[PDB]
């Protein structure tokens, strides 16, 4: 199936037809993109908080307005999907979701309240697409740049009434019903160790330092439990590259940072009237990110390599987490750099899929964020910053939907694109929960 090779402005932006992205009619290419045959594998790439605005800002800065992200923009089937949550007490819609509810929606097929993981408004557990995939025998992978206990990666393997329930200690006071010592299934980190996906890579080594309050591994740190349960623990790129196999007998657990893995690009924080009073910024590569710390692209590629050895097929979810984090921190450079980071991973995925032929690749976000691209002369009430793009022009970003600590989320529907068998299911308007059913039906799971 054809992948959009190039959708950059074809010529001189200033001349007639020079800004065009199409070189001819697309009917035939679209026909060839449609297939209902079964999917052997599925790679779901999530850009945390990556709505259309974030994609545009990143493209403008890193590739120029007439540019083209080889990964993110290359998926042929596109659509828009709704991601509202539910109010726990009333059951009515709550228009602006958080990452927990949204992650639950696509991972279990049911709407829930803000902050829940793998449970509905009645606090009932529902099997995740990963658990189901593992049950059917497929290999499973879960990769992220955030703390593995964070919402997005946690939703696939944990069922807790509150996302804050990272380890034993926090769970005991915030999720008493889930607390291990109270007959619950355990904390997020604990349920993660139980779920046993073949490949799990990301940050969050900190919580693994906690000690189990009850159960078979009481007294032992969660890391010791991992080792004792046969997990292959990796903590740097070198070690990651050395892994030859990862399976149920010896699952891979890569903890590359105590918390969130390092951001790719550094830049100052947006300030009040920053586009007016401060000069234009040019982002700079983060020097503390390490040749020893794998990038999302490397983690993705390795994961694909190990997971592909299972002839049954595989399910892999990859998350570019810090797009959302930096967006919250009103830091344009960090936000854009993580989007660029995600793009590289989408490329890795698309390459593998293009040759394998039976892989469904999906790129989307969990929810919309606050960043907006405004006129250079804008006098906004919030935080702003001017950036020097690849076009050699200035672009101004504004974060003005919150006064408090962190810029907030928004309820706008957002882009979802797909490539491979069953991709037609992301076209037009759909809901985040349809994604669970699309992945399930594509994999022929029951």
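Positions refer to the first chain, counted from 1.
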(message) Averaging CA B factors per stretch from the PDB record, which one is higher: 15 to 23 or 425 to 433?
(response) 15 to 23
(message) Mean Cα B factor from the PDB record: higher for 335 to 343, or higher for 321 to 329?
(response) 321 to 329
(message) If I read the C-alpha B-factors straight from the PDB entry, which of 146, 180, 101, 297 is highest?
(response) 180
(message) Checking the record values for 216, 94, 120, 131, which has the greatest CA B factor?
(response) 216
(message) Looking at the temperature factor on the CA atom of residue 29, which third of the chain's modelled residues does it land in?
(response) middle
(request) Could you look up the Cα B-factor of residue 228 in the entry and say which third of the chain it sits in: lowest, middle or highest? (result) highest
(request) Report the third (lowest, middle or highest) to which the CA temperature factor of residue 185 belongs, ranking only the modelled residues of the same chain. (result) highest
(message) Among the modelled residues of this chain, does the Cα B factor of residue 265 put it in the lowest, middle or highest third?
(response) middle
(request) Using the B-factors in the PDB entry, rank residue 302's C-alpha atom against the chain and give the third, lowest, middle or highest. (result) middle
